[PDB]
Structure formats: structure tokens, C-alpha cells
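Nothing fancy with the numbering, it's 1 onward along the sequence. Values below: all heavy atoms of this structure, side chains included; hydrogens, waters and symmetry mates excluded.
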Amino acid sequence: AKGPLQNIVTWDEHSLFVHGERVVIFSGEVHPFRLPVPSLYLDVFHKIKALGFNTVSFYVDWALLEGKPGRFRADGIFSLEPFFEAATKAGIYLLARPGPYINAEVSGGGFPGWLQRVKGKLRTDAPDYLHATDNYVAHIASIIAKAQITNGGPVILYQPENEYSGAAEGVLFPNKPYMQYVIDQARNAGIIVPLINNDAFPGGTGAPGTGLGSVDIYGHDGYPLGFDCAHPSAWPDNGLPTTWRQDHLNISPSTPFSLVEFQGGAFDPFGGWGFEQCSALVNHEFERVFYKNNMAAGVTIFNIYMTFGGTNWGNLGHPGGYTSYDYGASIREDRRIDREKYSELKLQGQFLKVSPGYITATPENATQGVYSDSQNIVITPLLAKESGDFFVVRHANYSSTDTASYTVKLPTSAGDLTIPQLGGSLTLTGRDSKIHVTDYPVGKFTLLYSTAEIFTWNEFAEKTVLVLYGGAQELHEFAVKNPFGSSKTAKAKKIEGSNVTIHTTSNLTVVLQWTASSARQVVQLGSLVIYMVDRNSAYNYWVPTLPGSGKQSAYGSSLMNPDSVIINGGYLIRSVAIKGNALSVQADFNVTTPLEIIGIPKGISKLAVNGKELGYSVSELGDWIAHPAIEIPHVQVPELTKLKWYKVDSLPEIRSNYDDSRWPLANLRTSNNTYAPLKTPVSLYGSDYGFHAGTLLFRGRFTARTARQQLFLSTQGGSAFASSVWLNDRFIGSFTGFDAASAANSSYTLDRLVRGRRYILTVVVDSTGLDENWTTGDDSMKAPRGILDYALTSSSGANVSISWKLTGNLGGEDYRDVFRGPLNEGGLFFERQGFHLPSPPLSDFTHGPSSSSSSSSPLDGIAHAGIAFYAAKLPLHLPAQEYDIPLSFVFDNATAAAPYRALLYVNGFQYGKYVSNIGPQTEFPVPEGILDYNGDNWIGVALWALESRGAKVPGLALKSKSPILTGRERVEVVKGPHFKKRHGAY
Ligand SMILES: *[C@@H]1O[C@H](CO)[C@@H](O[C@@H]2O[C@H](CO)[C@@H](O[C@@H]3O[C@H](CO[C@H]4O[C@H](CO)[C@@H](O)[C@H](O[C@H]5O[C@H](CO)[C@@H](O)[C@H](O)[C@@H]5O)[C@@H]4O)[C@@H](O)[C@H](O[C@H]4O[C@H](CO)[C@@H](O)[C@H](O)[C@@H]4O[C@H]4O[C@H](CO)[C@@H](O)[C@H](O)[C@@H]4O[C@H]4O[C@H](CO)[C@@H](O)[C@H](O[C@H]5O[C@H](CO)[C@@H](O)[C@H](O)[C@H]5O)[C@@H]4O)[C@@H]3O)[C@H](O)[C@H]2NC(C)=O)[C@H](O)[C@H]1NC(C)=O
Ligand SMILES: *[C@@H]1O[C@H](CO)[C@@H](O[C@@H]2O[C@H](CO)[C@@H](O[C@@H]3O[C@H](CO[C@H]4O[C@H](CO)[C@@H](O)[C@H](O[C@H]5O[C@H](CO)[C@@H](O)[C@H](O)[C@@H]5O[C@H]5O[C@H](CO)[C@@H](O)[C@H](O)[C@@H]5O)[C@@H]4O)[C@@H](O)[C@H](O[C@H]4O[C@H](CO)[C@@H](O)[C@H](O)[C@@H]4O)[C@@H]3O)[C@H](O)[C@H]2NC(C)=O)[C@H](O)[C@H]1NC(C)=O
Ligand SMILES: *[C@@H]1O[C@H](CO)[C@@H](O[C@@H]2O[C@H](CO)[C@@H](O)[C@H](O)[C@H]2NC(C)=O)[C@H](O)[C@H]1NC(C)=O
Ligand SMILES: CC(C)S[C@@H]1O[C@H](CO)[C@H](O)[C@H](O)[C@H]1O
Ligand SMILES: *[C@@H]1O[C@H](CO)[C@@H](O)[C@H](O)[C@H]1NC(C)=O
Ligand SMILES: *[C@@H]1O[C@H](CO)[C@@H](O)[C@H](O)[C@H]1NC(C)=O
């Protein structure tokens, strides 16, 4: 790596530059494959843009786009085109991360299952691995090359590989010819923007100056609280990073300090704590302490992993997680933005994008008792000669929940000052951190200093507006250099409030002190107006940007200090636009509120909200106060217990009349799997036959030699898998599973056999996905699914032979549903036939009345070990044009009940794997778009009873959240194919 290849995106020691403008890149992670509704990408981008972010980072999952080797497919819900269109419509730029290896808590870490048939070590220069990646990278890097900013699209940065940071003992690391082959595949496909990487810690791998294999910008990661959410109020001793500014200078001083993945929540395993508990550990207090600690090191490329997580639909997840990927993130799985951490993150994003002096100040070592007399606080300075200083204040023990009183002694253009200058003490309450400034520019005005934090500021036609905030009951002080210009007449004017005090010095510096509360203070100094609010009021302010013109209109006038309107009130402001003499606002409301508009453009005299004209009062400052109609209705949804349910047996294999002559034979006498050498006469691994998704079945034939025989069976499905075994139609037993078991050794007696007669063993093995491969040189993704070993012995000790057949999803790598993708279906009978699809063939099902002997409802269930599938029509007629109403399906977990596993289907898409004896998930959200809110829907529930007594669902209900009055763009329903009879099915 030797410099940029184009002039649109460039960099230096301090920052990136875009179209020649220095910018702080503040980015959120979103994964397109975890939200398969193209018309909702714009809703998520409106919510990230309103935080004050300018960028989104995204993975691409190889396993979804090349499920058959040699056939790349990215159409319909798998296309990136509507994701790229929505980024341009919202005015957001993108960091593309296509792998080939992505980790991401997805099945295989992104590697398709057919890589288990590749002999050489993954993520090395073994030639069989390298040549297996060539077709995927050629197609995906060419799609992303067309969407680059150099061709008028949103793509500004590209990451090759993922977290390439160490290796197993006796494996070459770093392997520099391997790193350079990965970079060459991307360059050869047309990628010309800069390359960035994401090292696990500051190890220096791939940094500029390391020769063969190096990227353009060196990046690293940080997850200082780790991933166990057991104790959400405990922060470890020594858990805060204090060496990253020095480590950056030691490794790559020539490029911007970059955190390519920094903690925005945590993943959670089967048997874990739930994402509500993860959101309480990684909360608004975590954000203000740890994120301002990264600003104290001078970060200028900063991405939050995850910002919106979405859902692991259609088996796309790994065994180490379950269906939800909410992550405890700032935007929830259902797209609501009510968590307090969303409102706190907005305060930080709007401050940085109005503060260009931050980029060029130089960070220095942390100090104690230098910038304050107090030794109970620590202060890290960022210094510059004239353009402004910043100071990040925290408790000396970073974990402290105590309140500290303090003063500061700060350098300014008027000399060193102890502040407050008008008397009194500052306060730092528990788990808080503050940025104080000196010589901070506000358009044509200058703040000599401020202790209160800056939300936003802008210059308008008739005034300049500044918005400052403090936590409630905190004393704050700030000073403004002479705001009156020439006039030795002019004086301050108090417009609102009775707590603020104003003192003027003889050189006309104006000093203001106030105590923050619910009651806003407002003061006018000449044409400068200052609004002084508490933190909780600042949470409801918004700063939408005014559009420019042409294809790039949503990117506004510039990325830093853009033309804007300031709005006080509302659950979300999405956008503003000018049309003749009217200002038009798109907004969402979850509660009643007025709206106050500050900074009306010149010549505008009418107001509309969501397409409707309304009147307004005018304040003496020229702000407009308006009262939109907000009705929040009572919503009624259909009761699921009252639908007309139909039922079909989904284990016909154990019946005497069953014909398996269409099933694949398991007759491979050798395997290419080098990680798990064969212990059996033939391979019983699903991936050796093309089956990589969901449940597997095996059928083993033997001739009885004695009346009693003993069976040893070793099975493997991934963490929290289960397996069940039948001998003809007789149930033998289940391994019922637990969070800590990925494999099981079982021993069963097969009794009462007739000598000389043929018997068939049916073995069902669930898979919860393919494992990741995060240590290069340990091929852990190749751990097989199915049967690892077995022995069948007569009562005299002789060995008895078994011959085998097997199946996963119908067709394997030749998968049948091209619209919904290669992983959506597993191998259970109802899936192979397509009976999960809309408009199923009801003459192949049964119907009977609930709470009777012949019930066809999942609330009544089945009375023996086995597997049944249930389907019903669900009509919806909700006011989706005017309201956003989030819907979810809820299972009741009733302490005393037999163990079972369930699968949830909606309009043909699998939207849940429920495991009653492992948990933690009971509530399953499904998005508008997969659901039709004004038409018929088809719902599906598979039920697998693990014990001899059978099982039932104790309760199942549809739940709504409080409705949101909405100005989003309309959601289009995803039109997946309905049932059609499948030729060659079994
Ligand atoms: C419906 O409601 C019912 C209740 O009526 C719910 O059922 C209950 O569900 C829970 C949760 O699944 C069950 O509790 C777990 O049981 C596990 C199996 O225990 C059996 O097998 C054990 C192993 O052989 C055996 O030791 C056990 O013996 C003990 O307990 C029995 C009591 O039955 C007793 O007789 C014995 O004397 C002995 O004391 C037992 O026979 C068990 O493995 C689980 O252990 C974990 O939790 C407890 C703490 O809560 C710990 O003390 C353990 O050390 C262990 O800790 C791991 O897991 C937690 C939680 O995630 C984590 O915080 C730990 O750090 C540790 O993590 C690591 O291991 C786990 C695997 O165990 C991995 O997943 C992790 O992996 C990832 O995570 C890391 C970050 O954390 C990340 O860094 C890694 O990269 C990543 O891989 C870590 O490796 C529990 O005890 C109940 O048994 C069950 N109760 C009943 C009555 O049935 C049901 O869940 C509900 N359903 C729904 C839908 O909600
Ligand atoms: C419509 O949409 C809006 C958003 O637009 C939603 O409003 C949000 O609703 C959520 C859910 O209720 C709110 O979050 C929860 O907030 C509570 C209440 O505490 C907050 O508000 C009060 C003012 O009423 C503040 O005083 C609180 O701040 C103090 O306490 C916190 C510690 O919690 C501390 O960090 C602060 O610095 C501050 O401490 C100072 O004062 C205290 C006095 O107590 C003093 O002792 C100390 O020394 C300092 O002086 C806070 O801002 C809060 O209890 C909850 O937290 C708990 O749970 C979460 C997990 O869920 C944990 O992370 C946490 O650790 C706690 O255990 C939540 O944070 C959110 O604030 C609110 N947002 C807005 C903008 O209003 C609506 O809900 C939506 N409505 C519908 C119908 O959809
Ligand atoms: C730093 O401050 C934290 C939080 O106040 C201290 O954590 C407390 O530690 C004590 C004793 O270990 C416990 O009884 C409390 O329950 C802890 N509180 C919380 C919120 O976790 C911590 O001990 C201090 N560490 C140092 C090195 O002083
Ligand atoms: C521990 C990190 C440095 S690797 C980091 O971990 C994340 C955890 O959610 C995801 O798996 C990312 O894909 C991986 O890059
Ligand atoms: C193993 O490797 C080679 C790759 O060329 C392939 O031709 C062969 O069919 C594979 N064998 C098995 C058992 O997968
Ligand atoms: C099962 O038994 C074999 C010995 O046959 C042993 O090698 C393996 O570790 C065991 N697996 C489990 C999950 O106990």
C-alpha cells in the first residue's frame, strides 16, 4: 500500500477528507441480510441520520448468495440495490465489509457449508481454499465497485477479510502472501476507494510500513466489558482502556485513529440472560463514560457495532446465539427508538458534527491534580494554539457511582482561569463524564469557555442560535467575548427564566451562571440567542438538514456545520423541505406534544406537518409554536386461539408403510474432511452430501443377529442441539440438550428382536448452524453435523453391519425456493413438501375442534414423542398508512411442562426457533412487509415432542406495542411465491 488511487476520498494523520472537506466519520453497523424488507431500509437510515451520524457499516453473507458452488445469485430480497438507493435518499455514506470471512455470529462465520469438502486449511494460502473464494469475490466486489462515490453512489471505504489477528501454534502468522492475495482480488474487480482493517487489539498486523499484505488505514476494535451480561451494574477494575493514543503513535502515526468496531451491546447464547439485560449493561451511562474516553484519544473514524441488529431469520445464525439479534442496541429489533441510550447517543453525534476544532487538536496523556486542585477526578486535554481546546473529565476510579464537587483551571486566550469565575462549585454525578471547552467558535461569536455541554448551534437570517445543557441541579458557567460589536449602548436581555445571572466586565466579556432544571432559560446578547436547558429536555431536540439539489440533494450543503432547522419536540423528526412559501416537516409522534420551530428560513410563511397545513403562534424571538393533531388509538388485534387451525403429521418415516426409495444413499467410503477423520465405514456428515441447513434425518438398515443388541451412537448438532431415535415405529430415547453440549454419546438397548429379520433405525439430529472459524489454523467451521461414530453389537459380542440413507432440505445444494434463499428450509417432512408456504393444500391436512380428542390446534398438541406441523389464515386490517404498529408472537413458558422444540413460519419465511427447556427467547417480532396489514397472511408452527408423554404449546398470542403516528414512506408487502406441488419430493 502506497497512497490513494483517486481524489474523492483521501486522509492524513488527523482525519479522512470527502470531496476535499475534513470530517469526523461517526458510523452505525446495519446488516442488510437481517432485514428482508427492502422498503424499510429508508426507515432505519432516517433513524441513524437523526442521531447526527453520516455513515453506516455493513457485512455481506457469502453463504446466502452462493449456496450452490459456481452459481452466484443476489436478486429480490438478496439484492443490495435498494440498500444503496435508500442510503442516497437519506444522505448517508457506506463502509462495505464483504469478507469472504465475516464471523458476525452467523452460520460458518459466512463460509458456505460446502467448504467442509475442501481439504486445506481455511484462511491460508492453501490453493484449494483460495480458488474456492474467487467466483464470490469477483461478483460481489464488482456490485460494490458500481456503488462507489467515484461513480455517483454512497460507498466510501472497503474492508477485506475480518479480524485477522493471530493463529494456532505451528502455523505461519502473519502470512503476508495470503493477505496480499485477498487485497488483489478486490483491486482486480474495480475497487479503488481506500482499504481499512479491524485488528482484535493494537497488534499492528497489516499496518502501513509492514510490506507485502498491508492496507491503507490501520483499524482496531474494542469490547472492554466483554460479552457476559450476568451482572449489568459491575464494571471491572482496570476495564477502561488508557493506552490507545500511545499505541496509535507506536503502530500507524501516519493515518487517522480508527475504531472500526467499538462495543454498542453484546451477543447472547442459548441459555443466556436476554437482550433487555444486555441493554442495561451497555446503557446510556456506558455511552457517556466509554465513548467520551475514545474522544479523549482523538478518534476520528468511529463505528458502533451493532446500531440496529435485526433478526437471524431462516437459519442464518451460528450455534453460539438464537433467533433474535436485538444485541441490546440503540435501535431495537422492531425499529423503536425509545431506549435512553438512543437519546444520549444523539447528544454526542450532534455535538461532533458542529465542532471542526476537535479534529485538529492534539490529544495528550491523562492527568490527575494538574487541570483541577481536586485529585478525585482525572482530566485528559486536547490542545491547539488558537482553534480551541477540549477537556474530558471523569472520576479517578472510572467505575465510581459517587458525586464529586470540583473546580477547573484551564488555559484560554485570556490566560489561565479557575472556573467558576463568579463563585460556586461544579458537580460530577455517578458514572458521568463531561467535555469542557475553551476558545470555541459559534459562527461569528466566540465562547471564551463553557462548563455546560454543546448540543448544536447555527447562523440564521436574523440571529445566531446556541443550545447548551447540564444534568438537573448542576451549576454551570460560560463566557462570551464582546457580543455587541461597536455599540457602547447595547445590553443583555433576559427573555425566559428567573435563575440565570449575567455579569459584564469592563472589556465587555459577558459571564452567565445558571443551575440546570425543567425550566428553560433564554438570554439575547445582540443577535446571539442562547437556550439553556437540562439533559432530559435536550433529549427531545432535533437538527434535520435542509436539502441541496440533484441526485445528491439529501447530503445537504456540507457534512460538517450543514444548513439546518432546529425543532424542539417529537419522538422522531425524519426530514424538512421548502416548497414556495411553505416549510414541510415529516415527523413521528408516540405521545402528544407541541412542536417549536427555531430558525425559519427567509420568506417562509406557512407550515405543514405530514402533508397537512396548520396555524401557529409567533414568539418575540420569531420561533413558531404549533399544535399538530395527535390521536394515539386503542388497537385491537385478532385472538390466535380463535383462528381455524389445520394439522399434518411431520414424521411419517416411522410408519410401516413408509417408502424411502427416493432418499440419497450414504455410501461415500472416504471423506475430504481433514478436521474430523472418519471413524465409520461410510461418511454420515450432512455437508459431505450437500445438506448444510436445519434438521437432518438418517435411516439405518440391519439384520438382527440376536434377540437383544446394544447400540452406541455419537451425534453432533452444535450448541443446544437435540437428537431423537426410533426402531421401526417404537420410540427408543432422546438426548434432550443443554447450553454447554454440541455433541452427545448415547447408549441404548434394542430388545425383543426377531433373529434374521430386517429393522430400520430412524435418527433425527437438529443443527443450530455451522460454527465460526475465528482462529486461523484451527479449522473449527469444518465440525460436521450428523453421526460421528456408532457400534451395534450382539449379546455374544459380535459386530453387526448397518447400511445407511440420509436427507436435509429437499435437493440439497439444488435448493427449491430461490426467492427465500439456500438456508430457509431444513429437512423435516413438512418443509420438503413445501407445506410451510402461503395457500397450502388443505385437503392433505386434518381439521377438528379444540379441546377435543381430534383437535387440530397447537394449544392441544400431541400425546407421544414425534413431530406435527400446524397452519392457519390470519386476516389483518390495521391503519398502516397513518400508524407504525410493531407486532410479535409470544409463547407462554409454564414452569411445569414436558420439553419441546418449535419452529415459527410467516408467509413462508422461518421467523423463530423456540427451545422450551433451554431458552431464553419467548417473544418473536416479525416486520410489516413480511406481514400484510390489509390482507390475508398464513401462520405456521412446527411442534417436536422430545419425551414419550408428548407436548403442547401452553399459550400463544399476538401482541402490539403502543401505536406511533408516522410520516415514514409506505411499506410495500414482500410477494413470496405461494405453494405449488413439487415434482420428485419425498
Ligand atoms: C422455561 O423455564 C425453565 C425454568 O423452569 C428454563 O429452564 C432452565 O433453563 C436454564 C438455562 O438453560 C438451565 O440452567 C442451565 O443448565 C445447564 C445444564 O446443567 C446441567 O448440566 C451441567 C453440565 O454437565 C451440570 O453441571 C449441571 O449440574 C449443576 O446443576 C444441577 C442442577 O440441575 C445440580 O444438580 C448439580 O449439582 C450442579 O450444580 C446440570 O446437571 C448449565 O450448563 C447452565 O450452566 C451455566 O449457568 C450457570 C449460571 O447461571 C453457571 O453457574 C454455569 O457455570 C454455566 O455458566 C455458563 O453460562 C452462563 C449463561 O450464559 C454464563 O454467564 C457463564 O459465564 C458460562 O458461560 C460459558 O458456558 C456457556 C455454556 O454453559 C456458553 O454458552 C458460554 O458461551 C458463550 O458466551 C460467552 C460470554 O458469556 C462468550 O464469551 C463465549 O464466546 C460464548 O461461547 C460460555 O462458554 C445452567 O445451569 C436450567 O437447568 C433449566 N431449569 C429447569 C428446571 O429445567 C427454560 O430455559 C425456559 N425457557 C424459555 C424459552 O425461556
Ligand atoms: C415515547 O418515546 C420516548 C422517547 O422519545 C420514551 O421515553 C423514554 O422512556 C424510557 C423508558 O421509561 C426512559 O428510560 C428510563 O428512564 C428512567 C427514569 O430516569 C430518567 O429520567 C429521570 C427524569 O424523570 C432522570 O432523573 C434520570 O436521570 C438520573 O438517573 C440516572 C440513573 O438512572 C443517572 O444516570 C442520571 O445521571 C440521573 O442521576 C441524577 O439524578 C438522580 C436522581 O435520581 C441522582 O440520584 C443522581 O445523583 C444524579 O443527580 C433518567 O434520565 C430510568 O430509571 C430507567 O433506567 C433503568 O433501566 C435501564 C434499563 O432499562 C438501565 O439501563 C438503568 O441502569 C436503570 O436501571 C430508564 O433509563 C427514557 O429516559 C425516556 N426518554 C425520554 C426522552 O423521555 C417513551 O417511553 C415512549 N412512550 C411510549 C408510550 O412509547
Ligand atoms: C470503584 O468504584 C466502584 C463503584 O462505586 C466500586 O465498586 C463497588 O465495590 C464494592 C466493594 O468491592 C462493592 O460492595 C459494591 O457493590 C461495588 N459497586 C458497584 C456498583 O459495582 C469499586 O470497588 C471501586 N474500585 C476501586 C479500585 O476503588
Ligand atoms: C471480539 C472482536 C474483536 S471480533 C468481532 O466480534 C463481534 C462480536 O459481536 C463480531 O463477531 C465481529 O464480526 C467480530 O469482528
Ligand atoms: C474431494 O476433493 C476433490 C476436489 O477436486 C473432489 O473431486 C472429490 O469428489 C472430493 N471427494 C469427496 C469425498 O468429497
Ligand atoms: C464420546 O466418546 C468418545 C470415545 O468413544 C470420546 O472420544 C468423545 O470425547 C466422547 N464425546 C462426548 C461428547 O462425550
Side-chain angles (χ1 to χ4, degrees), residues 28-29 31 34 104-106 221-237 239-240 261-291 304-313 317-345 398-401 430-432 719-720 737-740 768 886 888-895 904 911-926 957 959 961-962:
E29 190 91 0
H31 299 161
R34 286 174 152 132
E105 289 75 60
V106 302
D221 311 325
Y223 292 83
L225 263 24
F227 306 103
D228 192 343
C229 306
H231 304 115
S233 72
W235 293 5
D237 270 9
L240 186 72
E261 288 177 34
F262 191 80
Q263 185 151 30
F267 54 72
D268 190 47
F270 274 106
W273 304 101
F275 285 122
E276 278 303 306
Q277 199 160 304
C278 292
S279 79
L281 171 68
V282 186
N283 71 350
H284 62 100
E285 301 170 330
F286 177 92
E287 299 178 328
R288 63 197 188 187
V289 182
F290 286 86
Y291 302 181
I304 303 304
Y305 186 110
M306 289 306 289
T307 297
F308 165 71
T311 305
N312 307 301
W313 68 275
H318 78 143
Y322 44 90
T323 308
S324 180
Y325 203 54
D326 180 88
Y327 214 80
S330 68
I331 305 175
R332 294 182 184 269
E333 177 173 9
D334 65 14
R335 314 175 319 282
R336 286 179 294 140
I337 54 162
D338 61 300
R339 294 174 158 152
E340 194 163 329
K341 64 186 293 185
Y342 176 91
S343 295
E344 170 57 37
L345 189 49
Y398 86 98
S399 167
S400 183
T401 55
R431 292 179 178 180
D432 198 10
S719 302
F738 47 104
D739 64 341
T768 46
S888 44
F889 291 83
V890 179
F891 290 76
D892 178 346
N893 183 21
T895 259
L904 170 66
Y911 255 96
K913 176 165 288 211
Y914 179 75
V915 180
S916 76
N917 59 322
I918 303 181
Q921 191 166 11
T922 55
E923 170 167 6
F924 296 82
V926 179
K959 298 296 201 176
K961 308 282 162 170
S962 185

Engineer: Answer whether the closest heavy-atom distance between the side chains of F286 and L225 falls below 4.5 Å.
Structural biologist: yes
Engineer: Verify side chain to side chain contact (heavy atoms under 4.5 Å, CB included) between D268 and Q277, making sure each step is shown before the conclusion.
Structural biologist: CA-CA 10 Å; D268 190 47; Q277 199 160 304; over 6 Å; no
Engineer: Under a 4.5 Å cut-off applied to non-hydrogen side-chain atoms, are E340 and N283 in contact?
Structural biologist: no
Engineer: Should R335 and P886 count as side-chain neighbours, where that means a heavy-atom distance under 4.5 Å?
Structural biologist: no
Engineer: Which of these passes ring pair (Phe, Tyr, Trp, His ring centres under 6.0 Å) with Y322: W273, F924, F267, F275?
Structural biologist: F275
Engineer: Report the relative orientation of the aromatic rings in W313 and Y911; use parallel for angles under 30°, tilted for 30 to 60°, perpendicular for over 60°.
Structural biologist: parallel
Engineer: Do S279 and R339 touch side chain to side chain, with heavy atoms closer than 4.5 Å?
Structural biologist: yes
Engineer: In terms of relative ring orientation, are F290 and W235 parallel, tilted or perpendicular, with 30° and 60° separating the classes?
Structural biologist: perpendicular
Engineer: Please round to the nearest 0.5 Å and tell me the distance separating atom OG of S916 and atom CG of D892.
Structural biologist: 11.5 Å
Engineer: Please round to the nearest 0.5 Å and tell me the distance separating atom CD1 of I304 and atom OG of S330.
Structural biologist: 8.5 Å
Engineer: Does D326 pair with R34 as a salt bridge, N-O distance under 4.0 Å?
Structural biologist: no
Engineer: When you measure from the side chain of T323 to the backbone N and O of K913, does any donor-acceptor pair fall under 3.5 Å?
Structural biologist: yes
Engineer: Check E276 with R332, please: is the shortest side-chain N to carboxylate O separation under 4.0 Å?
Structural biologist: yes
Engineer: Step by step, work out the side chain to side chain contact (heavy atoms under 4.5 Å, CB included) result for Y914 and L904.
Structural biologist: CA-CA 8 Å; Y914 179 75; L904 170 66; over 6 Å; no
Engineer: Are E29 and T307 close enough that a side-chain donor and a side-chain acceptor fall under 3.5 Å?
Structural biologist: no
Engineer: What pair of heavy atoms forms the shortest contact from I331 to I337, and how long is it?
Structural biologist: CG1-CG2, 4.0 Å
Engineer: Looking only at side chains, do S324 and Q921 share a donor and an acceptor under 3.5 Å apart?
Structural biologist: no
Engineer: Just how far is it from atom NE2 of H284 to atom CG of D432, taken to the nearest 0.5 Å?
Structural biologist: 9.5 Å
Engineer: Measure the shortest side-chain to side-chain distance between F262 and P224 over non-hydrogen atoms and say whether it is less than 4.5 angstrom.
Structural biologist: yes
Engineer: Would you say that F891 contacts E923 through its side chain, given a criterion of any heavy-atom pair below 4.5 Å between the two side chains?
Structural biologist: no
Engineer: Using atom types as modelled and distance alone, determine if a side-chain donor or acceptor of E105 lies under 3.5 Å from a backbone N or O of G317.
Structural biologist: no
Engineer: On a heavy-atom basis, which atom in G271 and which in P920 lie closest, and how many Å separate them?
Structural biologist: N-CD, 3.8 Å
Engineer: Under the side chain to side chain donor-acceptor pair (under 3.5 Å) rule, collect the residues that match up with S343, sequence neighbours excluded.
Structural biologist: none
Engineer: From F270 CZ over to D739 CG, what is the distance, rounded to the nearest 0.5 angstrom?
Structural biologist: 10.5 Å
Engineer: Provide the closest heavy-atom pair for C229 versus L281 in the form atom of the first, atom of the second, distance.
Structural biologist: CA-CD2, 4.2 Å
Engineer: Locate the shortest heavy-atom distance separating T311 from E333; write the atom from each residue and the value.
Structural biologist: OG1-OE2, 2.6 Å
Engineer: Under 3.5 Å, is there a donor-acceptor pair between the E261 and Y223 side chains?
Structural biologist: yes
Engineer: Under a 4.5 Å cut-off applied to non-hydrogen side-chain atoms, are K961 and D334 in contact?
Structural biologist: yes
Engineer: Using ring-ring contact (aromatic ring centres under 6.0 Å, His included) as the criterion, list what pairs up with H31, not counting sequence neighbours.
Structural biologist: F33, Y59, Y305
Engineer: Below 4.5 Å, heavy atoms only, C-beta onward: do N312 and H318 meet side chain to side chain?
Structural biologist: no
